[PDB]
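The file upload-v4.txt contains compact mmCIF, C-alpha atoms and all ligand atoms:
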```txt
# COMPACT_ATOMS: atom_id res chain seq x y z
CA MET A 1 3.90 9.54 15.34
CA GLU A 2 6.33 6.74 14.46
CA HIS A 3 9.49 8.19 12.95
CA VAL A 4 10.02 6.27 9.74
CA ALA A 5 10.85 8.06 6.51
CA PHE A 6 9.12 7.19 3.27
CA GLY A 7 11.42 5.11 1.07
CA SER A 8 13.69 4.13 3.93
CA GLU A 9 16.08 1.41 2.82
CA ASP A 10 15.25 -0.87 5.76
CA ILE A 11 11.55 -0.02 6.14
CA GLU A 12 10.51 -3.69 6.01
CA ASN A 13 12.61 -4.41 9.12
CA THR A 14 11.28 -1.40 11.01
CA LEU A 15 7.63 -2.11 10.18
CA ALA A 16 8.06 -5.74 11.17
CA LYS A 17 7.71 -4.62 14.79
CA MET A 18 4.58 -2.50 14.39
CA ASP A 19 1.11 -3.74 15.29
CA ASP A 20 -2.00 -2.17 13.75
CA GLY A 21 -2.04 0.58 16.37
CA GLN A 22 1.56 1.61 15.80
CA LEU A 23 1.06 1.58 12.04
CA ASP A 24 -1.50 4.35 12.54
CA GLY A 25 1.29 6.66 13.73
CA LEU A 26 3.18 6.71 10.40
CA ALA A 27 3.56 9.93 8.40
CA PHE A 28 2.40 8.12 5.27
CA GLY A 29 -0.12 5.62 3.92
CA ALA A 30 0.61 1.94 4.53
CA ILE A 31 -1.27 -1.06 3.17
CA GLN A 32 -0.24 -4.66 3.72
CA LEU A 33 -1.39 -7.09 1.02
CA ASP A 34 -1.20 -10.86 0.85
CA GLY A 35 -0.02 -12.64 -2.29
CA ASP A 36 -3.48 -12.46 -3.87
CA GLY A 37 -4.02 -8.78 -3.22
CA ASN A 38 -6.18 -9.09 -0.13
CA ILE A 39 -5.81 -6.29 2.42
CA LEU A 40 -4.35 -7.43 5.73
CA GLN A 41 -3.58 -4.00 7.20
CA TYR A 42 -4.59 -0.46 6.23
CA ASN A 43 -3.48 2.51 8.35
CA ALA A 44 -5.11 5.82 9.27
CA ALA A 45 -2.98 8.03 6.99
CA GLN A 46 -4.10 5.88 4.08
CA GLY A 47 -7.76 6.41 4.99
CA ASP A 48 -7.09 10.16 5.17
CA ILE A 49 -5.83 10.09 1.61
CA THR A 50 -8.47 7.74 0.18
CA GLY A 51 -11.48 8.42 2.39
CA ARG A 52 -11.80 4.69 3.09
CA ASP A 53 -12.57 3.49 6.61
CA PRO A 54 -9.60 1.22 7.42
CA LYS A 55 -11.63 -1.35 9.39
CA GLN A 56 -14.07 -1.68 6.51
CA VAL A 57 -11.46 -2.56 3.86
CA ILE A 58 -9.51 -5.21 5.74
CA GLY A 59 -10.29 -8.51 4.06
CA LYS A 60 -11.27 -7.01 0.72
CA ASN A 61 -9.34 -7.46 -2.50
CA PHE A 62 -7.39 -4.30 -3.35
CA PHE A 63 -7.30 -4.80 -7.11
CA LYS A 64 -10.77 -6.25 -7.61
CA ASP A 65 -12.93 -4.53 -5.00
CA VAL A 66 -11.36 -1.42 -3.47
CA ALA A 67 -9.04 0.13 -6.02
CA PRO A 68 -9.98 -0.88 -9.58
CA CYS A 69 -8.02 2.12 -10.82
CA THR A 70 -4.88 0.12 -9.91
CA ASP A 71 -5.98 -2.83 -12.06
CA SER A 72 -3.62 -2.08 -14.94
CA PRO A 73 -0.13 -3.23 -15.96
CA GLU A 74 1.25 -0.02 -14.37
CA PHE A 75 0.35 -1.03 -10.78
CA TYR A 76 -1.24 -4.49 -10.54
CA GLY A 77 1.14 -5.79 -13.22
CA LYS A 78 4.22 -4.82 -11.22
CA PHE A 79 2.58 -6.37 -8.16
CA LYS A 80 1.83 -9.66 -9.89
CA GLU A 81 5.39 -9.86 -11.26
CA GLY A 82 7.00 -9.25 -7.86
CA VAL A 83 4.75 -11.81 -6.18
CA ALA A 84 5.61 -14.31 -8.92
CA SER A 85 9.33 -13.56 -8.58
CA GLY A 86 9.29 -13.28 -4.80
CA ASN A 87 11.08 -9.96 -4.96
CA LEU A 88 9.60 -6.46 -5.19
CA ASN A 89 10.98 -2.94 -4.72
CA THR A 90 9.56 -0.18 -6.90
CA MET A 91 8.43 3.42 -6.59
CA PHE A 92 6.34 5.45 -9.01
CA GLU A 93 3.77 8.20 -9.26
CA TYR A 94 0.10 7.32 -9.76
CA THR A 95 -3.28 9.06 -9.71
CA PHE A 96 -6.02 7.68 -7.45
CA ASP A 97 -9.43 8.51 -8.93
CA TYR A 98 -12.07 5.93 -8.04
CA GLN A 99 -15.02 7.43 -6.19
CA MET A 100 -12.72 10.25 -5.09
CA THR A 101 -11.20 13.49 -6.29
CA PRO A 102 -8.26 12.53 -8.51
CA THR A 103 -5.27 12.55 -6.16
CA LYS A 104 -1.67 12.25 -7.27
CA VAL A 105 0.57 10.14 -5.07
CA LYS A 106 3.94 8.52 -4.74
CA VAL A 107 3.68 4.75 -4.39
CA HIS A 108 6.32 2.46 -2.94
CA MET A 109 5.76 -1.27 -3.18
CA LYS A 110 8.12 -3.56 -1.29
CA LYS A 111 8.10 -7.16 -0.16
CA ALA A 112 7.65 -7.62 3.59
CA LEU A 113 10.28 -9.37 5.69
CA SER A 114 7.57 -11.81 6.76
CA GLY A 115 6.14 -14.57 4.58
CA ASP A 116 3.96 -13.87 1.56
CA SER A 117 3.17 -10.27 2.52
CA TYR A 118 3.73 -7.13 0.45
CA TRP A 119 3.73 -3.45 1.44
CA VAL A 120 2.20 -0.53 -0.44
CA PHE A 121 3.26 2.88 0.87
CA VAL A 122 1.63 6.07 -0.34
CA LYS A 123 2.21 9.78 0.17
CA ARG A 124 0.87 12.91 -1.51
CA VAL A 125 2.94 14.73 -4.11
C1 LIG Z 1 -7.39 3.60 -7.55
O1 LIG Z 1 -8.50 2.98 -7.41
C2 LIG Z 1 -6.55 3.87 -6.51
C3 LIG Z 1 -6.80 3.54 -5.23
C4 LIG Z 1 -7.97 3.68 -4.39
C5 LIG Z 1 -8.07 3.14 -3.09
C6 LIG Z 1 -9.18 3.23 -2.34
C7 LIG Z 1 -10.27 3.99 -2.77
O2 LIG Z 1 -11.37 4.12 -2.02
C8 LIG Z 1 -10.18 4.55 -4.09
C9 LIG Z 1 -9.07 4.39 -4.82
```
Please rewrite the model in this file as structure tokens.
Amino acid sequence: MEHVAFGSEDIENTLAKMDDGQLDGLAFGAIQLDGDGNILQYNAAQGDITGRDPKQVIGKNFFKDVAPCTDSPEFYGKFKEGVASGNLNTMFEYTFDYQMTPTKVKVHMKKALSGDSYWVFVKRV
């Protein structure tokens, strides 16, 4: 259980040191996306919430393949804008409802410290 609070101001610095195994000890859902939306990391808390098997979604496109419910200006559009601008820090509520019971969550999207990588953090509300 890695002690990092959701929405922490310096979360990108703290998560810079975690490998896939340490990511699995977070109290919340954590997805790392590349600039095109491909999933690079996907932790255990996130699979708990979504029912996805983390090893099976690495490599897949989040917006096209795994989470089409996020393919809308309200989620993907903010993502695309941040990638385009090279800056991203936003939090909002969303409902996850593809192939699963509709689940309301808090989403925090933030640019990683490292290269062209972007974090998506999720927790139940
Ligand atoms: C909408 O599609 C939100 C996200 C999401 C992620 C994974 C799975 O399996 C369903 C939905």
Write out as CSV the residues of chain A that have any atom within 8 Å of an atom of ligand LIG 1 (chain Z), one row each with the nearest atom pair and its distance in Å to one decimal, counting only C-alpha atoms and all ligand atoms, sorted by chain and then rising number.
```
residue,atom,partner,partner_atom,distance
A:50,CA,Z:LIG1,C7,5.1
A:51,CA,Z:LIG1,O2,6.2
A:52,CA,Z:LIG1,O2,5.2
A:62,CA,Z:LIG1,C5,7.5
A:63,CA,Z:LIG1,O1,7.9
A:66,CA,Z:LIG1,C6,5.3
A:67,CA,Z:LIG1,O1,3.2
A:68,CA,Z:LIG1,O1,4.7
A:69,CA,Z:LIG1,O1,3.5
A:70,CA,Z:LIG1,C1,4.9
A:71,CA,Z:LIG1,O1,7.9
A:95,CA,Z:LIG1,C2,6.9
A:96,CA,Z:LIG1,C2,4.0
A:97,CA,Z:LIG1,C1,5.5
A:98,CA,Z:LIG1,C8,4.6
A:99,CA,Z:LIG1,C8,6.0
A:100,CA,Z:LIG1,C8,6.3
```
What's the separation between CA of residue 104 in chain A and CA of residue 73 in chain A, in Å to one decimal place? 17.8 Å
So that I can check the surroundings of range 33-42 of chain A, please list as a ChimeraX atom specification every protein, DNA and RNA residue that reaches within 8 Å of it, counting all atoms listed in the file and ignoring chain neighbours fewer than 3 positions away. /A:20,29-30,46-47,54-55,57-63,83,116-120
Name all residues at most 7 Å from residue 24 in chain A (count all atoms listed in the file; drop same-chain ones fewer than 4 positions away) and give them as a list in words. residues 20, 43, 44 and 45 of chain A
Would you list the contacts of residue 108 in chain A as number ranges by chain, taking every protein, DNA or RNA residue within 8 Å and counting all atoms listed in the file, but skipping same-chain residues closer than 6 positions in sequence? A: 7, 89-92, 119-122
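For the choices A:56, A:23, A:76, A:11, the atom-to-atom distance to residue 111 in chain A is smallest for A:11 when using only C-alpha atoms.
Our summary of the geometry notes that CA of residue 78 in chain A is positioned 24.4 Å from CA of residue 4 in chain A.
Here CA of residue 28 in chain A stands at a distance of 18.0 Å from CA of residue 102 in chain A.
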Top pick for closest residue to residue 81 in chain A, considering A:94, A:8, A:109, A:17 and counting all atoms listed in the file: A:109
Write out N, CA, C and O atoms for range 70-92 of chain A, as a PDB file, in the frame of the given file.
```
ATOM      1  N   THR A  70      -6.233   0.672  -9.988  1.00  0.00           N
ATOM      2  CA  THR A  70      -4.880   0.120  -9.910  1.00  0.00           C
ATOM      3  C   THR A  70      -4.769  -1.172 -10.717  1.00  0.00           C
ATOM      4  O   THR A  70      -3.670  -1.715 -10.869  1.00  0.00           O
ATOM      5  N   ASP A  71      -5.898  -1.649 -11.219  1.00  0.00           N
ATOM      6  CA  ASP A  71      -5.980  -2.830 -12.060  1.00  0.00           C
ATOM      7  C   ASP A  71      -5.602  -2.483 -13.505  1.00  0.00           C
ATOM      8  O   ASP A  71      -6.444  -2.230 -14.358  1.00  0.00           O
ATOM      9  N   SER A  72      -4.297  -2.485 -13.730  1.00  0.00           N
ATOM     10  CA  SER A  72      -3.620  -2.080 -14.940  1.00  0.00           C
ATOM     11  C   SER A  72      -2.172  -2.549 -14.846  1.00  0.00           C
ATOM     12  O   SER A  72      -1.684  -2.693 -13.721  1.00  0.00           O
ATOM     13  N   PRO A  73      -1.528  -2.790 -15.971  1.00  0.00           N
ATOM     14  CA  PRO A  73      -0.130  -3.230 -15.960  1.00  0.00           C
ATOM     15  C   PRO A  73       0.798  -2.294 -15.186  1.00  0.00           C
ATOM     16  O   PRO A  73       1.875  -2.723 -14.751  1.00  0.00           O
ATOM     17  N   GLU A  74       0.425  -1.039 -15.003  1.00  0.00           N
ATOM     18  CA  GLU A  74       1.250  -0.020 -14.370  1.00  0.00           C
ATOM     19  C   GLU A  74       1.339  -0.152 -12.850  1.00  0.00           C
ATOM     20  O   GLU A  74       2.268   0.379 -12.231  1.00  0.00           O
ATOM     21  N   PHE A  75       0.394  -0.841 -12.231  1.00  0.00           N
ATOM     22  CA  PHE A  75       0.350  -1.030 -10.780  1.00  0.00           C
ATOM     23  C   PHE A  75       0.173  -2.511 -10.458  1.00  0.00           C
ATOM     24  O   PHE A  75       1.085  -3.187  -9.987  1.00  0.00           O
ATOM     25  N   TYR A  76      -1.011  -3.060 -10.735  1.00  0.00           N
ATOM     26  CA  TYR A  76      -1.240  -4.490 -10.540  1.00  0.00           C
ATOM     27  C   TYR A  76      -0.218  -5.356 -11.265  1.00  0.00           C
ATOM     28  O   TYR A  76       0.207  -6.402 -10.760  1.00  0.00           O
ATOM     29  N   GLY A  77       0.197  -4.968 -12.466  1.00  0.00           N
ATOM     30  CA  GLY A  77       1.140  -5.790 -13.220  1.00  0.00           C
ATOM     31  C   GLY A  77       2.490  -5.892 -12.547  1.00  0.00           C
ATOM     32  O   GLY A  77       3.115  -6.962 -12.544  1.00  0.00           O
ATOM     33  N   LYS A  78       2.966  -4.792 -11.967  1.00  0.00           N
ATOM     34  CA  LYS A  78       4.220  -4.820 -11.220  1.00  0.00           C
ATOM     35  C   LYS A  78       4.061  -5.675  -9.962  1.00  0.00           C
ATOM     36  O   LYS A  78       4.963  -6.429  -9.592  1.00  0.00           O
ATOM     37  N   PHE A  79       2.903  -5.556  -9.320  1.00  0.00           N
ATOM     38  CA  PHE A  79       2.580  -6.370  -8.160  1.00  0.00           C
ATOM     39  C   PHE A  79       2.630  -7.852  -8.501  1.00  0.00           C
ATOM     40  O   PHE A  79       3.329  -8.648  -7.875  1.00  0.00           O
ATOM     41  N   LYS A  80       1.858  -8.248  -9.512  1.00  0.00           N
ATOM     42  CA  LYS A  80       1.830  -9.660  -9.890  1.00  0.00           C
ATOM     43  C   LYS A  80       3.220 -10.192 -10.206  1.00  0.00           C
ATOM     44  O   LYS A  80       3.543 -11.319  -9.828  1.00  0.00           O
ATOM     45  N   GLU A  81       4.052  -9.411 -10.893  1.00  0.00           N
ATOM     46  CA  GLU A  81       5.390  -9.860 -11.260  1.00  0.00           C
ATOM     47  C   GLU A  81       6.288 -10.073 -10.038  1.00  0.00           C
ATOM     48  O   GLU A  81       7.052 -11.034  -9.982  1.00  0.00           O
ATOM     49  N   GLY A  82       6.214  -9.166  -9.071  1.00  0.00           N
ATOM     50  CA  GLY A  82       7.000  -9.250  -7.860  1.00  0.00           C
ATOM     51  C   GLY A  82       6.573 -10.446  -7.020  1.00  0.00           C
ATOM     52  O   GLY A  82       7.428 -11.164  -6.506  1.00  0.00           O
ATOM     53  N   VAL A  83       5.264 -10.648  -6.895  1.00  0.00           N
ATOM     54  CA  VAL A  83       4.750 -11.810  -6.180  1.00  0.00           C
ATOM     55  C   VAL A  83       5.245 -13.106  -6.817  1.00  0.00           C
ATOM     56  O   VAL A  83       5.657 -14.039  -6.125  1.00  0.00           O
ATOM     57  N   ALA A  84       5.190 -13.158  -8.139  1.00  0.00           N
ATOM     58  CA  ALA A  84       5.610 -14.310  -8.920  1.00  0.00           C
ATOM     59  C   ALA A  84       7.111 -14.553  -8.779  1.00  0.00           C
ATOM     60  O   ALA A  84       7.567 -15.694  -8.796  1.00  0.00           O
ATOM     61  N   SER A  85       7.875 -13.478  -8.645  1.00  0.00           N
ATOM     62  CA  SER A  85       9.330 -13.560  -8.580  1.00  0.00           C
ATOM     63  C   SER A  85       9.807 -13.598  -7.134  1.00  0.00           C
ATOM     64  O   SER A  85      10.956 -13.947  -6.858  1.00  0.00           O
ATOM     65  N   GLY A  86       8.926 -13.234  -6.206  1.00  0.00           N
ATOM     66  CA  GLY A  86       9.290 -13.280  -4.800  1.00  0.00           C
ATOM     67  C   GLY A  86      10.257 -12.182  -4.416  1.00  0.00           C
ATOM     68  O   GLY A  86      10.967 -12.264  -3.411  1.00  0.00           O
ATOM     69  N   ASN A  87      10.278 -11.142  -5.238  1.00  0.00           N
ATOM     70  CA  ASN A  87      11.080  -9.960  -4.960  1.00  0.00           C
ATOM     71  C   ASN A  87      10.340  -8.740  -5.516  1.00  0.00           C
ATOM     72  O   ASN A  87       9.742  -8.811  -6.590  1.00  0.00           O
ATOM     73  N   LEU A  88      10.361  -7.643  -4.768  1.00  0.00           N
ATOM     74  CA  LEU A  88       9.600  -6.460  -5.190  1.00  0.00           C
ATOM     75  C   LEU A  88      10.131  -5.225  -4.479  1.00  0.00           C
ATOM     76  O   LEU A  88      10.131  -5.176  -3.250  1.00  0.00           O
ATOM     77  N   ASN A  89      10.566  -4.240  -5.254  1.00  0.00           N
ATOM     78  CA  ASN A  89      10.980  -2.940  -4.720  1.00  0.00           C
ATOM     79  C   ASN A  89      10.853  -1.872  -5.797  1.00  0.00           C
ATOM     80  O   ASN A  89      11.768  -1.677  -6.600  1.00  0.00           O
ATOM     81  N   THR A  90       9.721  -1.169  -5.834  1.00  0.00           N
ATOM     82  CA  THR A  90       9.560  -0.180  -6.900  1.00  0.00           C
ATOM     83  C   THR A  90       8.795   1.034  -6.398  1.00  0.00           C
ATOM     84  O   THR A  90       7.981   0.982  -5.486  1.00  0.00           O
ATOM     85  N   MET A  91       9.094   2.188  -6.991  1.00  0.00           N
ATOM     86  CA  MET A  91       8.430   3.420  -6.590  1.00  0.00           C
ATOM     87  C   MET A  91       8.015   4.173  -7.852  1.00  0.00           C
ATOM     88  O   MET A  91       8.768   4.242  -8.815  1.00  0.00           O
ATOM     89  N   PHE A  92       6.816   4.739  -7.830  1.00  0.00           N
ATOM     90  CA  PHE A  92       6.340   5.450  -9.010  1.00  0.00           C
ATOM     91  C   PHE A  92       5.180   6.356  -8.612  1.00  0.00           C
ATOM     92  O   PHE A  92       4.584   6.175  -7.557  1.00  0.00           O
TER      93      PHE A  92
END
```
